[PDB]
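A quick write-up on the structure given underneath.
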Amino acid sequence: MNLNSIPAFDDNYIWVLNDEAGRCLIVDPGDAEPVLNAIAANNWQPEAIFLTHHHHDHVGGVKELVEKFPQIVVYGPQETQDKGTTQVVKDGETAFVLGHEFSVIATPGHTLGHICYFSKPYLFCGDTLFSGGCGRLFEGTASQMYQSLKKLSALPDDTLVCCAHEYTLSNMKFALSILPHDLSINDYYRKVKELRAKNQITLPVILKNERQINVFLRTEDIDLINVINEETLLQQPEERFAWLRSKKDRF
Ligand SMILES: [Zn+2]
Ligand SMILES: [Zn+2]
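So the sequence shown is residues 1 to 251, counted in the deposited numbering.
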């Protein structure tokens, strides 16, 4: 099994999983052109598309891909039913692709209907979980995003976080604005900066390591609580999470 990234727009990645026969799965294709080129260049045979949510940079390419490859099954949440989805899926359901069983996980936050797809070790989490960060709350509440990250954090340590955007460096700069003396965050920031100085991709990341350097997965850590509670006297986890996400909104 091979995991490939195809850049699109300014900072999107279209993930492609292909098996040993060249059959492939395409995740969140917002621009069909680079995907079509890679399919041709690599002799891939597209079998399915996964959509995580309805935003344009994630679904814009479906029509052209489906016209070129009429056999493609398009999986997605109810909120993409008008975006070319042919199999609506929801929490707890499974999509069988490339001989692998992908579990569907509802992760409201970025959008209300956002879903994630998991088949060990691959986690396609769209704009919910980023390396060092999480999605901006356009439609979901902070409580919902908090609960969605709790669900993703419970996945196995060897999970590969395949998120949709190259946000890692900015996410880690924010992390240092909150915990500037955390050695793990500093070390990861410097590694991510080194990659981005050479315009290299920072993904996928291993979930085990995200637990250490993603401040949005460290809501219940005493060191973060003490920082957050020195600004606002907040007593509940979802309130502290909202504080941190609001701070990042203006960073
Ligand atoms: Zn989005
Ligand atoms: Zn996006």
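For every residue, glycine included, the Cβ atom is placed at its ideal position computed from N, Cα and C.
Give me the Cα-Cα distance between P237 and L65, rounded to the nearest whole angstrom. 43 Å
Do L152 and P204 have their CB atoms nearer than 8 Å? no
Span of the beta strand (DSSP E) holding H100? 100–106
From which residue to which residue does the alpha helix (DSSP H) around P77 run? It is not in any alpha helix (DSSP H) - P77 carries neither H nor E in the DSSP assignment.
Classify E166 as buried or exposed, calling it buried when 16 or more other Cβ atoms lie within 10 Å of its own Cβ. buried
To the nearest angstrom, report how far apart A154 and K63 are at their CA atoms. 35 Å
Nonlocal neighbours in the same chain, by C-beta distance under 8 Å from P34, ignoring five residues either side: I6, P7, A8, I14
Proximity of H114 and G126 at Cβ, strictly below 8 Å: yes
Do you know offhand how far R196's Cα is from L169's? 7 Å
What distance in whole Å lies between the Cβ atoms of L51 and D28, which are believed to be in contact at a cut-off of 8 Å? 6 Å
So if DSSP puts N4 in a beta bridge, which residue, or which two residues, is it bridged to? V16
For the beta strand (DSSP E) containing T202, list its first residue and its last residue. Per DSSP, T202 belongs to no beta strand (DSSP E) and is neither H nor E.
Beta carbon shell of ligand 2 at less than 6 Å from a heavy atom: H55, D57, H58, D127, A164, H165
Below 7 Å, is the gap between the Cβ of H110 and the nearest heavy atom of ligand 1? yes
Excluding the 5 residues preceding and the 5 following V215 in the sequence, name in chain order all residues of the same chain whose CB lies nearer than 7 Å to its CB. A175, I178, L179, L224, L244
Can you list, in chain order, the stretches of the beta strand (DSSP E) that have 3 or more residues and sit fully within the segment 26–59? 45–50
Check: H100 C-beta below 7 Å from any heavy atom of ligand 1: no
By a C-beta neighbour count over all protein chains shown, 10 Å radius and 16 as the cutoff for buried, is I39 buried or exposed? buried
Residue 259 (DSSP reduced to helix, strand or coil): Residue 259 lies beyond the residue range present for the chain, which begins at 1 and ends at 251; the question has no answer from this structure.
So does the segment 109–123 actually touch the segment 132–150, counting three or more Cβ pairs closer than 8 Å? yes
Going by DSSP in three states, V97 sits in which element: helix, strand or coil? strand
So what does DSSP say about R240, is it helix, strand or coil? helix
Under 6 Å Cβ to Cβ from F251, same chain only, skipping five residues before and after it: list those, please. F174
Closest to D91 by C-alpha separation, out of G76, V97, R218, would be which residue? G76
Taking only the alpha-carbon atoms, compute the straight-line gap between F69 and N43 and give it to the nearest angstrom. 13 Å
Proximity below 8 Å, CB of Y146 to CB of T232: no
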